>>> print(open('model28.cif').read())   # mmCIF, C-alpha atoms
data_model
#
loop_
_atom_site.label_atom_id
_atom_site.label_comp_id
_atom_site.auth_asym_id
_atom_site.auth_seq_id
_atom_site.Cartn_x
_atom_site.Cartn_y
_atom_site.Cartn_z
CA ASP X 60 -12.62 -0.70 -10.47
CA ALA X 61 -9.50 1.55 -10.67
CA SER X 62 -10.33 3.08 -7.19
CA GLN X 63 -9.27 -0.26 -5.51
CA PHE X 64 -5.71 0.46 -6.83
CA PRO X 65 -4.57 3.61 -4.97
CA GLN X 66 -1.50 4.15 -7.23
CA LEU X 67 -3.90 5.04 -10.13
CA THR X 68 -4.94 8.46 -8.68
CA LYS X 69 -2.67 11.43 -7.73
CA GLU X 70 -5.20 12.41 -4.99
CA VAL X 71 -3.84 11.74 -1.47
CA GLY X 72 -6.50 9.58 0.28
CA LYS X 73 -7.57 9.89 3.95
CA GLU X 74 -5.31 6.93 4.93
CA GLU X 75 -2.34 8.02 2.74
CA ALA X 76 0.75 10.03 3.69
CA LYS X 77 2.50 12.64 1.51
CA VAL X 78 6.18 13.67 1.32
CA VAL X 79 8.37 15.86 -0.90
CA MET X 80 11.77 14.34 -1.57
CA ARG X 81 14.03 17.25 -2.47
CA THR X 82 16.97 16.09 -4.67
CA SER X 83 19.93 17.75 -6.41
CA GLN X 84 17.95 17.17 -9.68
CA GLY X 85 14.57 18.52 -8.43
CA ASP X 86 11.62 17.69 -6.14
CA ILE X 87 9.76 14.32 -6.20
CA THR X 88 6.36 14.27 -4.43
CA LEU X 89 5.22 10.84 -3.24
CA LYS X 90 2.16 9.49 -1.49
CA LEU X 91 2.58 6.46 0.80
CA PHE X 92 0.23 3.54 1.58
CA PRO X 93 0.18 2.76 5.33
CA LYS X 94 -3.10 0.75 4.86
CA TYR X 95 -1.14 -1.92 2.91
CA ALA X 96 2.53 -1.56 3.96
CA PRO X 97 2.46 -0.03 7.47
CA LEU X 98 5.99 -1.20 8.44
CA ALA X 99 7.64 0.18 5.29
CA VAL X 100 5.69 3.48 5.65
CA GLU X 101 6.49 3.93 9.38
CA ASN X 102 10.16 3.01 8.77
CA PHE X 103 10.49 5.47 5.88
CA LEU X 104 8.62 8.38 7.57
CA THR X 105 10.53 7.94 10.87
CA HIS X 106 13.94 7.84 9.10
CA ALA X 107 12.88 10.83 6.97
CA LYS X 108 11.75 12.87 10.04
CA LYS X 109 15.09 12.12 11.85
CA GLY X 110 17.17 13.20 8.80
CA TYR X 111 18.55 9.66 8.18
CA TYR X 112 18.20 10.13 4.39
CA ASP X 113 19.64 13.68 4.29
CA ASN X 114 22.60 14.06 1.84
CA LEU X 115 22.40 10.38 0.78
CA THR X 116 23.19 9.53 -2.85
CA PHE X 117 21.14 7.64 -5.42
CA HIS X 118 23.74 4.84 -5.31
CA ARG X 119 22.03 2.82 -8.10
CA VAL X 120 20.75 4.59 -11.23
CA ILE X 121 19.72 2.27 -14.10
CA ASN X 122 17.88 3.81 -17.07
CA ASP X 123 14.58 2.08 -17.92
CA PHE X 124 14.69 0.24 -14.57
CA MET X 125 14.86 2.13 -11.27
CA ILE X 126 16.75 4.66 -9.13
CA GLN X 127 17.74 3.57 -5.58
CA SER X 128 18.84 5.38 -2.39
CA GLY X 129 18.66 5.06 1.42
CA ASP X 130 22.13 3.52 2.06
CA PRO X 131 24.37 5.48 4.51
CA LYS X 132 27.33 3.39 3.12
CA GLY X 133 26.57 4.61 -0.45
CA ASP X 134 27.20 1.20 -2.15
CA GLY X 135 24.08 -0.94 -1.42
CA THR X 136 25.66 -2.88 1.51
CA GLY X 137 24.32 -0.66 4.34
CA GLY X 138 21.24 0.84 5.97
CA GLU X 139 18.96 -0.54 8.68
CA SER X 140 15.34 -0.30 9.81
CA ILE X 141 14.27 1.97 12.70
CA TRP X 142 13.74 -1.25 14.76
CA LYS X 143 17.16 -2.91 14.27
CA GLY X 144 18.66 -3.54 17.73
CA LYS X 145 15.51 -2.11 19.39
CA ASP X 146 12.33 -4.16 18.69
CA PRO X 147 12.75 -7.84 17.68
CA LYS X 148 8.94 -8.03 17.03
CA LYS X 149 9.67 -5.88 13.94
CA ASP X 150 13.39 -6.49 13.17
CA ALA X 151 15.24 -9.56 14.55
CA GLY X 152 18.58 -8.13 13.27
CA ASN X 153 18.48 -8.50 9.46
CA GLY X 154 15.47 -6.29 8.56
CA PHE X 155 11.66 -6.35 8.61
CA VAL X 156 9.19 -8.53 6.66
CA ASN X 157 8.04 -7.92 3.09
CA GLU X 158 4.49 -6.50 2.84
CA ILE X 159 3.03 -7.79 -0.49
CA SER X 160 -0.42 -6.44 -1.45
CA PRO X 161 -2.76 -7.50 -4.29
CA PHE X 162 -3.53 -3.72 -4.58
CA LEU X 163 0.08 -2.44 -5.13
CA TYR X 164 2.40 -3.11 -8.10
CA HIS X 165 5.79 -2.12 -9.59
CA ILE X 166 4.22 0.21 -12.19
CA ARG X 167 6.28 3.24 -13.29
CA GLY X 168 6.44 5.70 -10.34
CA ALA X 169 6.01 2.99 -7.65
CA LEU X 170 8.14 3.46 -4.49
CA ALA X 171 9.42 0.11 -3.15
CA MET X 172 11.82 -1.32 -0.59
CA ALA X 173 15.03 -2.96 -1.74
CA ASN X 174 15.95 -6.23 0.04
CA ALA X 175 18.81 -8.81 0.04
CA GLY X 176 16.21 -11.59 0.31
CA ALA X 177 12.58 -11.82 1.41
CA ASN X 178 12.12 -10.12 4.82
CA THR X 179 15.52 -8.22 4.97
CA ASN X 180 14.04 -4.71 4.49
CA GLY X 181 16.29 -2.05 6.09
CA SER X 182 16.37 1.54 4.80
CA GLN X 183 17.07 1.23 1.03
CA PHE X 184 14.24 2.19 -1.33
CA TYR X 185 13.84 2.54 -5.10
CA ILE X 186 11.53 4.29 -7.55
CA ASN X 187 10.43 2.23 -10.59
CA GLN X 188 11.29 4.25 -13.73
CA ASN X 189 10.88 1.73 -16.64
CA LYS X 190 8.91 3.16 -19.63
CA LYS X 191 8.48 -0.10 -21.69
CA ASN X 192 4.90 -1.13 -22.59
CA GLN X 193 4.67 -4.16 -20.21
CA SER X 194 0.93 -4.96 -20.82
CA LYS X 195 1.35 -7.79 -23.42
CA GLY X 196 4.14 -9.55 -21.46
CA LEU X 197 1.96 -9.90 -18.32
CA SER X 198 0.16 -13.13 -17.36
CA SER X 199 -3.24 -11.35 -17.76
CA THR X 200 -5.02 -14.02 -15.61
CA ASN X 201 -2.87 -12.97 -12.62
CA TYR X 202 -3.18 -9.13 -12.90
CA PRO X 203 -6.21 -6.85 -12.28
CA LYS X 204 -7.45 -5.23 -15.54
CA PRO X 205 -6.73 -1.64 -14.31
CA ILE X 206 -3.10 -2.69 -13.55
CA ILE X 207 -2.60 -4.40 -16.95
CA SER X 208 -3.70 -1.06 -18.47
CA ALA X 209 -1.44 0.99 -16.16
CA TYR X 210 1.56 -1.22 -17.13
CA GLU X 211 1.19 0.14 -20.71
CA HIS X 212 3.23 3.16 -19.43
CA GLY X 213 6.06 1.08 -17.94
CA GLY X 214 7.17 -0.79 -14.86
CA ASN X 215 9.05 -3.80 -13.52
CA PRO X 216 6.45 -6.60 -13.21
CA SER X 217 9.20 -9.18 -12.49
CA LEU X 218 9.46 -7.52 -9.01
CA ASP X 219 5.75 -7.98 -8.15
CA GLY X 220 5.43 -10.32 -5.13
CA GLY X 221 9.17 -10.14 -4.29
CA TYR X 222 9.49 -6.59 -2.88
CA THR X 223 7.30 -4.27 -0.81
CA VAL X 224 5.61 -1.45 -2.72
CA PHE X 225 4.71 1.36 -0.27
CA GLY X 226 4.31 4.60 -2.26
CA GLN X 227 3.80 6.30 -5.61
CA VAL X 228 5.28 9.38 -7.30
CA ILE X 229 2.44 11.94 -7.73
CA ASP X 230 4.61 14.88 -8.98
CA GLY X 231 8.18 15.16 -10.31
CA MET X 232 8.35 12.01 -12.44
CA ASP X 233 10.31 14.24 -14.81
CA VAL X 234 12.95 14.46 -12.00
CA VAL X 235 13.05 10.62 -11.71
CA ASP X 236 13.59 10.50 -15.52
CA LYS X 237 16.33 13.20 -15.36
CA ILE X 238 18.15 11.15 -12.66
CA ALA X 239 17.75 7.94 -14.72
CA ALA X 240 19.05 9.77 -17.86
CA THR X 241 22.51 10.17 -16.19
CA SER X 242 23.13 6.40 -16.79
CA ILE X 243 22.72 6.91 -20.62
CA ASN X 244 26.09 7.45 -22.43
CA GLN X 245 27.57 8.03 -18.91
CA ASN X 246 31.02 7.48 -20.59
CA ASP X 247 30.57 10.90 -22.35
CA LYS X 248 28.89 12.83 -19.44
CA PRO X 249 30.45 14.61 -16.41
CA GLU X 250 30.79 12.60 -13.17
CA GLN X 251 27.69 13.38 -11.03
CA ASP X 252 26.58 12.23 -7.55
CA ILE X 253 22.79 12.79 -7.27
CA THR X 254 21.70 13.38 -3.66
CA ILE X 255 18.60 13.71 -1.48
CA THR X 256 18.75 17.19 0.12
CA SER X 257 15.83 16.61 2.51
CA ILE X 258 12.40 14.92 2.79
CA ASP X 259 9.51 17.22 3.85
CA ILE X 260 6.58 15.36 5.48
CA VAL X 261 3.52 17.25 4.14
CA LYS X 262 0.99 14.74 5.53
CA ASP X 263 2.33 12.44 8.23
CA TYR X 264 0.93 9.08 9.29
CA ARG X 265 1.42 7.25 12.57
CA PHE X 266 0.85 3.69 13.75
CA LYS X 267 -0.67 2.06 16.86
CA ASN X 268 0.90 -0.87 18.79
#
>>> encode(input="model28.cif", output="structure tokens")
Amino acid sequence: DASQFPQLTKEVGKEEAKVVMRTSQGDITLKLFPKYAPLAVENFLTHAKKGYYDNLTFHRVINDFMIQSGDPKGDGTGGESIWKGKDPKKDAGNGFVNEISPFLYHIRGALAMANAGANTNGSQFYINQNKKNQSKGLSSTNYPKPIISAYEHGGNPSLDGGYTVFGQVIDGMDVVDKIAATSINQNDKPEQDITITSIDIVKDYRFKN
């Protein structure tokens, strides 16, 4: 049943959040999945609300792979969770735990947390942009049928189980593709720093202790 996999519908469910990530290349609308990755969703929404991501660059842009942002240092070495130095129950100093779900996958459009090892989630996030038909390459036995089908349109299945997925692009995939396109023949294109202008929380979500 495709309804068990919330990335397969653009409709924002009762227990889903919604944001608009305004970028120098256009607006990307994402829904988030606090039911399955509550730490990554709270971390991202809280940083977004406080302006932590404002004017940050997409510091990694790799065509047919993913686009990545959320590093105040702009080179992949920085960023921290909202709990670093504040709540050791959530972040002991090196980041928060991965949140792997059998309902969420690195299909094209998936929003995920970057990490420097399992359970080192800070503030860096990436959007899966790959467009390769990944269906045949999958170990079918280990993937739900609806997800094998969805992987026809692209994704990074090698990342499944290793990184938290916590959202999905529901509008503006063309913007994600335009950002990714800047890595193609970059030797013949003008220098360009792509930035997040702001993140508008359309439908917030909050968490209980």
>>> atom_distance(input="model28.cif", atom1="CA of residue 179 (chain X)", atom2="CA of residue 113 (chain X)")
22.3 Å
>>> closest_atom_pairs(input="model28.cif", of="region 212-248 of chain X", to="region 67-79 of chain X", cutoff="10 Å", atoms="only C-alpha atoms", output="CSV")
residue,atom,partner,partner_atom,distance
X:226,CA,X:76,CA,8.8
X:227,CA,X:69,CA,8.5
X:228,CA,X:69,CA,8.2
X:229,CA,X:69,CA,5.1
X:230,CA,X:69,CA,8.2
X:231,CA,X:79,CA,9.4
>>> closest_residue(input="model28.cif", among="X:171, X:178, X:213, X:163", to="residue 151 (chain X)", atoms="all atoms listed in the file")
X:178
>>> atom_distance(input="model28.cif", atom1="CA of residue 255 (chain X)", atom2="CA of residue 139 (chain X)")
17.5 Å
>>> resolve_selection(input="model28.cif", expression="the PyMOL selection byres ((chain X and resi 264) around 8)", output="PyMOL selection string")
chain X and resi 74-76+93+101+104+262-263+265-266
>>> closest_residue(input="model28.cif", among="X:80, X:235, X:217, X:173", to="residue 108 (chain X)", atoms="all atoms listed in the file")
X:80
>>> resolve_selection(input="model28.cif", expression="the PyMOL selection byres ((chain X and resi 209) around 12)", output="MDAnalysis selection string")
chainID X and resid 61 64:68 163:169 190:195 197 202:208 210:216
>>> closest_residue(input="model28.cif", among="X:183, X:200, X:88, X:174", to="residue 260 (chain X)", atoms="only C-alpha atoms")
X:88
>>> closest_residue(input="model28.cif", among="X:159, X:115, X:120, X:224", to="residue 237 (chain X)", atoms="all atoms listed in the file")
X:120
>>> closest_residue(input="model28.cif", among="X:233, X:158, X:252, X:130", to="residue 221 (chain X)", atoms="only C-alpha atoms")
X:158
>>> atom_distance(input="model28.cif", atom1="CA of residue 124 (chain X)", atom2="CA of residue 162 (chain X)")
21.2 Å
>>> closest_residue(input="model28.cif", among="X:123, X:114, X:98, X:106", to="residue 242 (chain X)", atoms="only C-alpha atoms")
X:123
